[PDB]
Ligand SMILES: [Zn+2]
């Protein structure tokens with residue numbers, strides 16, 4: 001029951017976001033920065049802000 005365990009013969013650079021595929025590094029990048037591009041929240045400019053953590 002494998003029916004898998006294979007890739008694509010041509011475009012090795014496969015997007016690690018959706019699964020797309022490209023031939024060049026820059027080409028794929030644009031897609032990840034043109035389609036996947038988005039904004040995400042970050043820490044308060046520090047590892048721990050509260051009383052303690054770890
Ligand atoms: Zn993608």
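Here Cβ is always computed from backbone atoms with ideal geometry, including for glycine, and neighbour counts include all displayed protein chains. FYI, it's all coordinate maths here, none of it is from the lab.
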query = What is the spin-label model distance, in nm, from residue 53 to residue 8 if the labels are put 7 Å beyond Cα along the C-beta direction?
reply = 3.8 nm
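At a threshold of 8 angstrom on Cα-Cα distance, excluding pairs fewer than six apart, so keeping six or more, what relative contact order does the chain reach in percent?
It rounds to 20 percent for the chain.
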Binned Cα-Cα distance frequencies in the chain - 5 Å width, integer % = 4, 14, 17, 12, 10, 10, 11, 9, 7, 4, 1
